[PDB]
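Take a look at the structure below.
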Amino acid sequence: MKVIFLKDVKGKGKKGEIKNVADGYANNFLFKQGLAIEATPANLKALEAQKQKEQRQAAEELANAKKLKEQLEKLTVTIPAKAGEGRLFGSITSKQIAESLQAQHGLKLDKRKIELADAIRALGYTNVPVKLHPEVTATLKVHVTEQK
Amino acid sequence: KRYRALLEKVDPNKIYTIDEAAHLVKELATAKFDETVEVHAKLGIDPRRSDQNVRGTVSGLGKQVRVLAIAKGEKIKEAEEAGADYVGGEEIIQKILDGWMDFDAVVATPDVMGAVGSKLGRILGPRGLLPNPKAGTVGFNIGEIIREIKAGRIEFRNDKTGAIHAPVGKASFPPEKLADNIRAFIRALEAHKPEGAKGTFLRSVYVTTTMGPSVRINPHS
Amino acid sequence: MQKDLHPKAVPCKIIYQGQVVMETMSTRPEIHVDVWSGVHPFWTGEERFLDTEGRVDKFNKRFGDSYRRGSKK
RNA sequence: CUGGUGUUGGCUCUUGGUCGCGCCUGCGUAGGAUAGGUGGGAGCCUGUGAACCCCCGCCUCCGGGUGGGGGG
RNA sequence: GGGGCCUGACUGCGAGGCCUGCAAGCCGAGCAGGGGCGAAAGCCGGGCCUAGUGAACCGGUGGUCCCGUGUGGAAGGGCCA
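Protein chains in written order, with our numbering: chain W, 11 to 158; chain U, 4 to 224; chain S, 1483 to 1555.
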């Protein structure tokens, strides 16, 4: 019995789970029910197919990432605000980061991103380790100044 | 210590060859003086029916083979003069069990063999000292048997539980000689096999040196 | 022809008879019965070209039901 | 009427055999047995280098261990 | 009726007759290999006889090494018992 999983066997792992839930048994209960299919050259294919597709997705984004990755990693974080002689009067929220970086340098990057104890306020040269893609991101250089 | 040493030198699941195994037996018994090597193994048969009893001899002795003569009187005399060496009676039997073992070969005069098989069965049946009949060592011609001992035979005979054994390699006799007699025994016993006996003959076959490590081998090499 | 199995044919033929064996294991045999009988599998529920139900039996079943060759489920 | 089999699927509770492995373990009355027995003898003269001999207490009649303390 | 060693109460065979509708059944000198009893002439092919019995098949088992369904094997079979 080529048990083609569409969920459980435990709870729902509809991933590469063809079990021998034998004959009319697994047969009727399980898929009559409606929680998967029998090999079906059509579905052995299926599985290899949609899996492939997700693979394209994954590696792919790895790439979108990397491109934006090296480019930014290279560039310089330029941000102008107001203050006194150390920390701006209105705190730096990388929210502000995005607004700015995208707004002026051109690239589109999150907010929930980056890594931040919190808002900073002691100007210019301080760098931010900024998460970007799940296993690689960019620790980058940020400079802000009171354009005064 | 003495033995964890040895214990790591051999393995927990492998059947080496006769010459090779030999090299390891010596590898293991550095012990005092020298540790006699023997062969010990399992006979797929059954002892509760005299029919399978695998015993007799296999083929070094000489005019050197000191012999004991187990008899009750006239036979004490006969063994004596014939040319025994240590003659006596059930008394000699009790001394052998107590702490005496000098004789090389032992003969018994068919009127004390019960004694020979039960007091010292477990005194003579290891190295071979329990008067063996159609194996020149028991008979009203105790003198005759003691006279013949020499030629170069070392016996063997299945113990009640199925294992047979004896001396197949001095821990010093060349690994080649170790392989030599280990093999020869393979032959003598292998053949000795009892008639009404099926299944699989040689079960577990091992070699070693009395006190110490025991290696299982393939008596086919 | 209302007993068969849609996918293939399996009803009929079938002639039994008993004896009193004991043969190739020393000495011959002996012949008895002379009867004929039925012999088949089992049917169940599915549908074709707007309802129908099906029937068929065991074997074919596990099959055509798993799939379908001239109707469906 | 009745064992196996078929579409007669899930969940858990359970006692049986079997071979394998892993360590257990006794009684034919000082020559018929020592912790059975055959290969031995109780070590053919012996083994981690922590309880070594003397000494309490802990585990299926006990050694496997036992905590040691002790130690020519 | 006793003692002595011994076992032919053997194979391969039997020329030729008894009784016979059938198959049976029964008998036997001599011939060959191979023994046993005696010195040997010779007897010994169960027994003092006439009852102690039975087809053909159907199967077993101890030899054969004939047949072996492509040939090399073997299931299986033919023959001896």
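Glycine residues also receive a C-beta, built at the ideal position from the N, C-alpha and C atoms.
Strictly below 8 Å CB to CB, what residues from chain S border W:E71?
Here the premise fails: no neighbours, minimum Cβ distance about 39 Å.
Through-space distance from U:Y89 to U:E77, alpha-carbon basis:
Going from the Cα of U:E77 to the Cα of U:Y89 covers about 15 Å.
Rounded to a whole number of angstroms, what is the C-alpha to C-alpha distance between U:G172 and S:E1505?
Per the coordinates, the alpha-carbon of U:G172 lies some 57 Å from the alpha-carbon of S:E1505.
Sequence-distant residues of its chain with Cβ nearer than 8 Å to S:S1519 (five each side left out):
Cβ within range, chain order: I1496, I1497 and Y1498.
What three-state label does DSSP hand W:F41 in the structure shown?
Note: W:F41 maps to helix in three-state DSSP.
How far does the alpha helix (DSSP H) with U:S121 in it reach, from first residue to last?
First-last of the alpha helix (DSSP H) with U:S121: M116 to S121.
Just to confirm, is the Cβ distance from S:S1553 to S:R1530 under 7 Å?
Yes, these two residues count as a Cβ contact at 7 Å.
Interface residues of the segment 1521-1550 of chain S facing chain W [CB-CB below 8 Å]
Taking 8 Å as the cut-off between beta carbons, the residues of the segment 1521-1550 of chain S near chain W are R1544 and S1548, in sequence order.
DSSP on S:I1497, reduced to helix/strand/coil?
In the three-state scheme derived from DSSP, where H, G and I count as helix and E and B as strand, S:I1497 is classed as strand.
Which term fits U:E11, buried or exposed, when burial requires 16 or more other beta carbons within 10 angstroms of its beta carbon?
Counting Cβ neighbours within 10 Å, U:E11 comes out exposed, since fewer than 16 surround it.
Classify S:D1539 as buried or exposed, calling it buried when 16 or more other Cβ atoms lie within 10 Å of its own Cβ.
Within 10 angstroms of the beta-carbon of S:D1539 lie 16 or more other beta-carbons, which makes it buried.
Spatial neighbours of U:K66 within its chain, please: CB distance less than 7 Å, with the 5 preceding and 5 following residues excluded, ordered by chain position.
Cβ within range, chain order: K153.
Going straight from the alpha carbon of W:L85 to that of W:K55, what length do you get?
Computed Cα separation, rounded: 45 Å.
Span of the alpha helix (DSSP H) holding U:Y6?
In this chain, the alpha helix (DSSP H) harbouring U:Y6 covers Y6 to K12.
Buried or exposed for U:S62, please, with buried defined as at least 16 other CB atoms from any protein chain shown within 10 angstroms of its CB.
Result: exposed.
Near W:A148, what residues of its chain come up, given a Cβ to Cβ distance below 7 Å and the 5 sequence neighbours on each side ignored?
Excluding positions up to five away in sequence, the list reads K79, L82, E83, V140 and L142.
I need the DSSP call for W:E156, collapsed to helix, strand or coil.
The three-state reading of DSSP puts W:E156 in strand, counting E and B together.
Anything in chain S within Cβ reach of W:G34, meaning under 8 Å, just list it in chain order.
By Cβ distance, chain S contributes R1544.
Exposure label - W:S104; buried when at least 16 CB within 10 Å
Per the 10 Å Cβ criterion, buried.
For residue 1433 of chain S, does the count of other Cβ atoms within 10 angstroms reach 16, so buried, or fall short, so exposed?
This structure gives no information on residue 1433 of chain S, because the portion of chain S shown stretches from 1483 to 1555.
Along the alpha helix (DSSP H) that carries W:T50, what are the first and last residues, could you check?
Looking at the DSSP string, the run of the alpha helix (DSSP H) that includes W:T50 is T50 to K84.
Rounded to the nearest angstrom, how far is the Cβ of U:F159 from that of U:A169, given a contact under 8 Å?
Yes, they are in contact, since the Cβ atoms of U:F159 and U:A169 sit about 5 Å apart, within 8 Å.
Applying the criterion that 16 or more other CB atoms from any shown protein chain within 10 Å of the CB defines a buried residue, is U:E81 buried or exposed?
It counts as buried.
Can you tell me the Cα-Cα spacing of U:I18 and U:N56, whole angstroms?
A direct Cα-Cα distance of roughly 26 Å separates U:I18 from U:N56.
Using 7 Å as the threshold, is the C-beta distance between W:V152 and W:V87 below it?
Contact: yes.
Drop a sphere of 10 angstroms on the beta-carbon of S:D1547, count the other beta-carbons inside from all chains shown, and report buried for 16 or more, exposed for fewer.
Under this definition S:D1547 is a buried residue.
Using the three-state DSSP reduction, which class does U:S217 fall into: helix, strand or coil?
Correct three-state label for U:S217: strand.
Given this structure, state the Cα-to-Cα distance separating W:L117 from W:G26, to the nearest angstrom.
Roughly 38 Å between the two C-alpha positions.
Partners in chain S for W:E27, counting only beta-carbon separations shorter than 8 Å
Those within 8 Å of W:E27 in chain S number zero; the least Cβ separation is about 19 Å.
Determine the direct distance from the alpha carbon of W:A49 to that of S:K1485, and round the result to whole angstroms.
Distance between the alpha carbons of S:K1485 and W:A49 is about 32 Å.
Whose Cβ in chain S lies nearer than 9 Å to the Cβ of W:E145?
For W:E145, there are no neighbours in chain S by C-beta distance under 9 Å, as the nearest C-beta there is about 43 Å away.
May I ask which residues mark the beginning and end of the alpha helix (DSSP H) holding U:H26?
Run containing U:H26: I21 to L31, per the alpha helix (DSSP H) assignment.
For U:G92, tell me which candidate among U:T212, U:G155, U:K4 and U:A72 has the shortest Cα-Cα distance.
Restricting attention to U:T212, U:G155, U:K4 and U:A72, the CA atom closest to the CA of U:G92 is found in U:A72.
Using 7 Å as the threshold, is the C-beta distance between U:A85 and U:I149 below it?
Contact: yes.
Could you spell out where the alpha helix (DSSP H) holding U:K80 opens and where it closes?
Counting along the chain, the unbroken alpha helix (DSSP H) around U:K80 starts and ends at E77 to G86.
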